[PDB]
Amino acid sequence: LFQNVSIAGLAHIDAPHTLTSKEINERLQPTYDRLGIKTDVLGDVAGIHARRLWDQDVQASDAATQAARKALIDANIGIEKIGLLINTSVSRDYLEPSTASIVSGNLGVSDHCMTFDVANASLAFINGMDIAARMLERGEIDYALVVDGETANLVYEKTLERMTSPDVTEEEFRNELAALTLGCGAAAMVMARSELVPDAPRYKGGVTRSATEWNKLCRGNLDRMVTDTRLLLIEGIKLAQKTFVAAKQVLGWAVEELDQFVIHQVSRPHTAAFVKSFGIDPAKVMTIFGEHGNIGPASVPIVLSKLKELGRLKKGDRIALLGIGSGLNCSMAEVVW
């Protein structure tokens, strides 16, 4: 476990435009009626009633940059203190260079600042925290930024075009339906060596389990995402269960002994199936997919930032970060407030 790693600052950005599921259903209504769809899958089943979109021409790096500036302020440090910047977003503007280098350019990092991207679907932010934690413990750097901006504008625009086409089949509809559960947003975290920030929350790290045989289940680019919803739910929960059992071992976790559960946000049935598996008090599980949908790897730190801004947390509170992503990969870690 990490002994000397802390969270110096934390921030999130909510995207400014609301697209409700009611509004999407009115667009999709003529398709529903020719396919004989009678059910509201988004609202009544998924539990997603709205999501947020950016203005046009907002790139991932722009969103991440906004979040990074807020996080530095939350941490009371200047950019010149940053020795490492990692971008963990799924959304990316180019293959080359790293989105991190674009964010770093915007921010004005020093010539000593190491930067690169990590990609791992919705788990990448936790991955990013661990890579930074290891560099901090080793004394390579004092402060690190982990940043993540997500943009779903184009995937809504293109998916809605496809779904409204007179040639669309129910097979294609059900297979791209998951794209209509995603949302825009951004997050950023400042991590630091603990001797520099004695009042800050401590990050202990945690455990990782994987099921890489299921890598075909959810495949996506900026304009299109194809998903096997049923199997992904079933196998995703199986891996989460396996990882949580492994966590109870090495982290000493017992459900009653935890104050907050910061979980990846994908759907109401997904969530309820997991909490029921372990008898977790749903009150302890903050949910935002209702109005924000799935913000990918930024989801977990967004919720954690919202919890912080709420003035919820108390010193000594044990917070379980429960991350997962298409892969499948699952990582569960502990933060002590």
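A residue's number is simply how far along the shown sequence it sits, counting from 1.
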Review point. Mean C-alpha B-factor higher for 141 to 149, or for 202 to 210?
Key: 202 to 210
Review point. Averaging C-alpha B-factors over each stretch, which comes out higher, 214 to 222 or 129 to 137?
Key: 214 to 222
Revision key, fill the gap. Scanning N87, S122, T169, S194 for peak Cα temperature factor in the entry gives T169
Check your understanding: From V103, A186, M114, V255, which pick has the Cα B-factor that tops the rest in the entry?
Key -> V255
Practice item. Grab the CA temperature factor for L107 from the record and place it in the lowest, middle or highest third of its chain. Key: middle
Point to revise | Third assignment of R69 from its chain's C-alpha B-factors | key: lowest
Review point. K315's Cα B-factor: lowest, middle or highest third of the chain?
Key: highest
Review point. How does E176 rank on Cα B-factor within its chain, lowest, middle or highest third?
Key: middle
Practice item. Report the third (lowest, middle or highest) to which the CA temperature factor of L95 belongs, ranking only the modelled residues of the same chain. Key: lowest
